[PDB]
Structure formats: structure tokens, C-alpha cells
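Student: Next comes model_10.pdb, PDB, C-alpha atoms:
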ATOM      1  CA  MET A   1      -2.042  -9.837 -26.852  1.00  0.00           C
ATOM      2  CA  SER A   2      -2.963  -8.472 -23.443  1.00  0.00           C
ATOM      3  CA  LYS A   3      -0.478  -7.649 -20.707  1.00  0.00           C
ATOM      4  CA  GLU A   4      -2.468  -6.391 -17.737  1.00  0.00           C
ATOM      5  CA  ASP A   5      -0.438  -7.570 -14.737  1.00  0.00           C
ATOM      6  CA  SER A   6       0.943  -6.139 -11.510  1.00  0.00           C
ATOM      7  CA  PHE A   7       2.522  -2.694 -11.340  1.00  0.00           C
ATOM      8  CA  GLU A   8       3.614   0.024  -8.945  1.00  0.00           C
ATOM      9  CA  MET A   9       1.586   3.128  -8.157  1.00  0.00           C
ATOM     10  CA  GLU A  10       2.055   5.995  -5.712  1.00  0.00           C
ATOM     11  CA  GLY A  11      -0.719   6.610  -3.178  1.00  0.00           C
ATOM     12  CA  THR A  12      -1.425   7.696   0.386  1.00  0.00           C
ATOM     13  CA  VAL A  13      -2.266   5.690   3.536  1.00  0.00           C
ATOM     14  CA  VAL A  14      -5.226   6.997   5.515  1.00  0.00           C
ATOM     15  CA  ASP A  15      -7.308   4.312   7.139  1.00  0.00           C
ATOM     16  CA  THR A  16      -6.787   1.577   9.699  1.00  0.00           C
ATOM     17  CA  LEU A  17      -8.128  -1.793   8.610  1.00  0.00           C
ATOM     18  CA  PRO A  18      -8.092  -4.940  10.777  1.00  0.00           C
ATOM     19  CA  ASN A  19      -5.839  -7.954  10.481  1.00  0.00           C
ATOM     20  CA  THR A  20      -2.856  -5.674   9.959  1.00  0.00           C
ATOM     21  CA  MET A  21      -4.083  -3.583   7.025  1.00  0.00           C
ATOM     22  CA  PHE A  22      -4.764  -0.029   5.965  1.00  0.00           C
ATOM     23  CA  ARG A  23      -6.690   1.718   3.176  1.00  0.00           C
ATOM     24  CA  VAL A  24      -4.591   3.265   0.511  1.00  0.00           C
ATOM     25  CA  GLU A  25      -6.173   6.015  -1.464  1.00  0.00           C
ATOM     26  CA  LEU A  26      -5.582   6.305  -5.120  1.00  0.00           C
ATOM     27  CA  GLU A  27      -8.432   8.806  -5.323  1.00  0.00           C
ATOM     28  CA  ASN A  28      -7.009   9.542  -8.660  1.00  0.00           C
ATOM     29  CA  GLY A  29      -9.978   7.278  -9.412  1.00  0.00           C
ATOM     30  CA  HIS A  30      -8.827   4.205  -7.303  1.00  0.00           C
ATOM     31  CA  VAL A  31      -9.155   3.051  -3.644  1.00  0.00           C
ATOM     32  CA  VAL A  32      -7.186   0.120  -2.130  1.00  0.00           C
ATOM     33  CA  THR A  33      -6.160  -1.808   0.926  1.00  0.00           C
ATOM     34  CA  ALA A  34      -2.447  -2.329   1.428  1.00  0.00           C
ATOM     35  CA  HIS A  35      -0.251  -3.660   4.171  1.00  0.00           C
ATOM     36  CA  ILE A  36       3.343  -3.219   5.331  1.00  0.00           C
ATOM     37  CA  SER A  37       5.769  -6.045   6.041  1.00  0.00           C
ATOM     38  CA  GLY A  38       5.996  -7.148   9.670  1.00  0.00           C
ATOM     39  CA  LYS A  39       9.785  -7.009   9.890  1.00  0.00           C
ATOM     40  CA  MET A  40       9.795  -3.296   9.120  1.00  0.00           C
ATOM     41  CA  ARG A  41       6.954  -2.640  11.534  1.00  0.00           C
ATOM     42  CA  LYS A  42       8.887  -4.227  14.371  1.00  0.00           C
ATOM     43  CA  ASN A  43      12.146  -2.778  13.060  1.00  0.00           C
ATOM     44  CA  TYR A  44      10.812   0.766  12.917  1.00  0.00           C
ATOM     45  CA  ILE A  45       8.179   3.039  14.412  1.00  0.00           C
ATOM     46  CA  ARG A  46       4.874   3.148  12.551  1.00  0.00           C
ATOM     47  CA  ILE A  47       4.425   6.586  11.003  1.00  0.00           C
ATOM     48  CA  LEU A  48       1.105   8.291  11.638  1.00  0.00           C
ATOM     49  CA  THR A  49      -1.718   8.036   9.108  1.00  0.00           C
ATOM     50  CA  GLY A  50      -1.284   9.276   5.611  1.00  0.00           C
ATOM     51  CA  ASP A  51       1.941   7.878   4.394  1.00  0.00           C
ATOM     52  CA  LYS A  52       2.765   8.765   0.866  1.00  0.00           C
ATOM     53  CA  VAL A  53       4.012   5.414  -0.441  1.00  0.00           C
ATOM     54  CA  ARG A  54       4.376   3.158  -3.440  1.00  0.00           C
ATOM     55  CA  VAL A  55       1.486   0.804  -3.949  1.00  0.00           C
ATOM     56  CA  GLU A  56       1.654  -2.399  -5.941  1.00  0.00           C
ATOM     57  CA  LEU A  57      -1.601  -3.707  -7.305  1.00  0.00           C
ATOM     58  CA  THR A  58      -2.087  -7.308  -8.406  1.00  0.00           C
ATOM     59  CA  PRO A  59      -4.134  -8.888 -11.231  1.00  0.00           C
ATOM     60  CA  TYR A  60      -5.680 -11.434  -8.864  1.00  0.00           C
ATOM     61  CA  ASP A  61      -7.255  -8.469  -7.104  1.00  0.00           C
ATOM     62  CA  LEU A  62      -6.204  -4.893  -7.687  1.00  0.00           C
ATOM     63  CA  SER A  63      -8.515  -3.892  -4.857  1.00  0.00           C
ATOM     64  CA  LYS A  64      -5.562  -5.241  -2.944  1.00  0.00           C
ATOM     65  CA  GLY A  65      -1.897  -4.358  -3.075  1.00  0.00           C
ATOM     66  CA  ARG A  66       1.079  -3.755  -0.833  1.00  0.00           C
ATOM     67  CA  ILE A  67       3.266  -0.827   0.236  1.00  0.00           C
ATOM     68  CA  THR A  68       6.927  -0.503  -0.592  1.00  0.00           C
ATOM     69  CA  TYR A  69       8.575   2.871  -0.108  1.00  0.00           C
ATOM     70  CA  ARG A  70       7.225   5.749   1.956  1.00  0.00           C
ATOM     71  CA  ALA A  71       7.643   9.502   1.874  1.00  0.00           C
ATOM     72  CA  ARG A  72       6.630  12.392   4.100  1.00  0.00           C
TER      73      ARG A  72
END
Could I get this structure in the form of C-alpha cells?

Tutor:
Amino acid sequence: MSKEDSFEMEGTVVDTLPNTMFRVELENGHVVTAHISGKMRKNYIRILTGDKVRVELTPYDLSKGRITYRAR
């Protein structure tokens, strides 16, 4: 019985993709493209590149995930 699904993973944000996206490095062997909600963006200043945050990868495409929690 498998169970590979979505999960959280800490990473860093250092890249500026288009269409409101950024590259999240999981150089611990993984590379990804995440994005931050719009509400927060407009409700707070965008921190410079390299945001240590929590990345969530999905089974429909781990090469893609989202950010949810950031740290300096």
C-alpha cells in the first residue's frame, strides 16, 4: 500500500519566475518553483530574495509547490 502524497518541506527562495512565481531550492537534492498567496503580498512587504520558508510539494507535480511560513 503506497502513500506518497503531499507534504511540507523547508527550503529557501532565490529566483524570480514569471507569472508570480519564484524558484525554491531544496538543493538537498531537490529544486522547485513555489508561489506566495496574493493577499499576503498586498498585505505585507515582499522580503528580498532568499526566504527560508516551508515548501509544500504535491503528487500531481512535486516540481511545483507553495510557500507557507517564512524565516530570516

Student: One number please: atom CA of residue A:14 to atom CA of residue A:49, in Å, one decimal.

Tutor: 5.1 Å

Student: For the file shown, report as a PDB file with C-alpha atoms, in the frame of the given file the outcome of the PyMOL selection byres ((chain A and resi 61) around 12) at residue level.

Tutor:
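Contents of out.pdb, as written:
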ATOM      1  CA  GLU A   4      -2.468  -6.391 -17.737  1.00  0.00           C
ATOM      2  CA  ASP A   5      -0.438  -7.570 -14.737  1.00  0.00           C
ATOM      3  CA  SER A   6       0.943  -6.139 -11.510  1.00  0.00           C
ATOM      4  CA  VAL A  32      -7.186   0.120  -2.130  1.00  0.00           C
ATOM      5  CA  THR A  33      -6.160  -1.808   0.926  1.00  0.00           C
ATOM      6  CA  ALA A  34      -2.447  -2.329   1.428  1.00  0.00           C
ATOM      7  CA  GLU A  56       1.654  -2.399  -5.941  1.00  0.00           C
ATOM      8  CA  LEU A  57      -1.601  -3.707  -7.305  1.00  0.00           C
ATOM      9  CA  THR A  58      -2.087  -7.308  -8.406  1.00  0.00           C
ATOM     10  CA  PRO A  59      -4.134  -8.888 -11.231  1.00  0.00           C
ATOM     11  CA  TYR A  60      -5.680 -11.434  -8.864  1.00  0.00           C
ATOM     12  CA  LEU A  62      -6.204  -4.893  -7.687  1.00  0.00           C
ATOM     13  CA  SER A  63      -8.515  -3.892  -4.857  1.00  0.00           C
ATOM     14  CA  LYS A  64      -5.562  -5.241  -2.944  1.00  0.00           C
ATOM     15  CA  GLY A  65      -1.897  -4.358  -3.075  1.00  0.00           C
ATOM     16  CA  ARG A  66       1.079  -3.755  -0.833  1.00  0.00           C
TER      17      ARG A  66
END

Student: Skipping near chain neighbours, those fewer than 6 positions away, what residues fall within 12 Å of residue A:13 using all atoms listed in the file, listed as a count of residues only?

Tutor: 30

Student: Kindly give the distance, in Å, that separates atom CA of residue A:43 and atom CA of residue A:9, rounded to a single decimal.

Tutor: 24.4 Å

Student: Could I get stretch 35-68 of chain A rebuilt with N, CA and C atoms, written as a short mmCIF file (atom, residue, chain, number, x, y, z; two decimals), keeping the file's coordinate frame?

Tutor:
data_model
loop_
_atom_site.label_atom_id
_atom_site.label_comp_id
_atom_site.auth_asym_id
_atom_site.auth_seq_id
_atom_site.Cartn_x
_atom_site.Cartn_y
_atom_site.Cartn_z
N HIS A 35 -0.80 -3.23 2.87
CA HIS A 35 -0.25 -3.66 4.17
C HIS A 35 1.27 -3.57 4.14
N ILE A 36 1.86 -3.32 5.28
CA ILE A 36 3.34 -3.22 5.33
C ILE A 36 3.95 -4.47 5.95
N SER A 37 5.11 -4.84 5.49
CA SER A 37 5.77 -6.04 6.04
C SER A 37 5.82 -5.98 7.56
N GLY A 38 5.94 -7.13 8.18
CA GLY A 38 6.00 -7.15 9.67
C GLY A 38 7.40 -6.79 10.16
N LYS A 39 8.39 -7.31 9.48
CA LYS A 39 9.78 -7.01 9.89
C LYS A 39 9.99 -5.51 10.05
N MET A 40 9.63 -4.77 9.04
CA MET A 40 9.80 -3.30 9.12
C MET A 40 9.01 -2.72 10.29
N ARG A 41 7.79 -3.14 10.42
CA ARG A 41 6.95 -2.64 11.53
C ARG A 41 7.66 -2.81 12.87
N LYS A 42 8.18 -3.98 13.10
CA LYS A 42 8.89 -4.23 14.37
C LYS A 42 10.30 -3.65 14.35
N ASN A 43 10.78 -3.35 13.17
CA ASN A 43 12.15 -2.78 13.06
C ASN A 43 12.11 -1.26 12.97
N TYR A 44 10.92 -0.71 13.00
CA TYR A 44 10.81 0.77 12.92
C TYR A 44 9.48 1.25 13.47
N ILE A 45 9.44 2.49 13.86
CA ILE A 45 8.18 3.04 14.41
C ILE A 45 7.16 3.26 13.30
N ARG A 46 5.92 2.96 13.58
CA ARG A 46 4.87 3.15 12.55
C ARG A 46 4.50 4.62 12.40
N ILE A 47 4.75 5.16 11.24
CA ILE A 47 4.42 6.59 11.00
C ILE A 47 2.92 6.82 11.09
N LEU A 48 2.55 7.99 11.52
CA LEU A 48 1.10 8.29 11.64
C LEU A 48 0.39 8.08 10.30
N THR A 49 -0.90 8.21 10.34
CA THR A 49 -1.72 8.04 9.11
C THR A 49 -1.34 9.01 8.01
N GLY A 50 -1.56 8.53 6.85
CA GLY A 50 -1.28 9.28 5.61
C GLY A 50 0.18 9.21 5.31
N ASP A 51 0.55 8.10 4.76
CA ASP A 51 1.94 7.88 4.39
C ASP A 51 2.02 7.91 2.90
N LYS A 52 2.74 8.81 2.33
CA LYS A 52 2.76 8.76 0.87
C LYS A 52 3.68 7.62 0.51
N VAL A 53 3.13 6.57 -0.09
CA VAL A 53 4.01 5.41 -0.44
C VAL A 53 3.79 4.86 -1.82
N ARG A 54 4.52 3.79 -2.11
CA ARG A 54 4.38 3.16 -3.44
C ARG A 54 3.49 1.94 -3.30
N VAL A 55 2.41 1.94 -4.02
CA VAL A 55 1.49 0.80 -3.95
C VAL A 55 1.64 -0.12 -5.14
N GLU A 56 1.53 -1.40 -4.87
CA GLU A 56 1.65 -2.40 -5.94
C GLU A 56 0.35 -3.15 -6.04
N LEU A 57 -0.32 -3.00 -7.15
CA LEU A 57 -1.60 -3.71 -7.30
C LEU A 57 -1.38 -5.02 -8.02
N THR A 58 -2.24 -5.98 -7.75
CA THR A 58 -2.09 -7.31 -8.41
C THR A 58 -3.31 -7.66 -9.28
N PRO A 59 -3.07 -8.47 -10.32
CA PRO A 59 -4.13 -8.89 -11.23
C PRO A 59 -5.16 -9.79 -10.55
N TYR A 60 -4.72 -10.54 -9.56
CA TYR A 60 -5.68 -11.43 -8.86
C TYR A 60 -6.63 -10.63 -7.99
N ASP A 61 -6.39 -9.35 -7.93
CA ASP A 61 -7.26 -8.47 -7.10
C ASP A 61 -6.59 -7.12 -6.90
N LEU A 62 -6.82 -6.23 -7.82
CA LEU A 62 -6.20 -4.89 -7.69
C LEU A 62 -6.73 -4.20 -6.45
N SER A 63 -7.94 -4.53 -6.06
CA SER A 63 -8.52 -3.89 -4.86
C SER A 63 -7.59 -4.16 -3.69
N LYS A 64 -6.55 -4.90 -3.98
CA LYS A 64 -5.56 -5.24 -2.94
C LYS A 64 -4.16 -5.04 -3.50
N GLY A 65 -3.29 -4.59 -2.65
CA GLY A 65 -1.90 -4.36 -3.08
C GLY A 65 -1.04 -4.25 -1.84
N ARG A 66 0.18 -3.88 -2.02
CA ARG A 66 1.08 -3.76 -0.83
C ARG A 66 1.87 -2.45 -0.90
N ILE A 67 2.47 -2.09 0.21
CA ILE A 67 3.27 -0.83 0.24
C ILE A 67 4.76 -1.11 0.19
N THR A 68 5.50 -0.28 -0.52
CA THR A 68 6.93 -0.50 -0.59
C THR A 68 7.62 0.77 -1.02
#
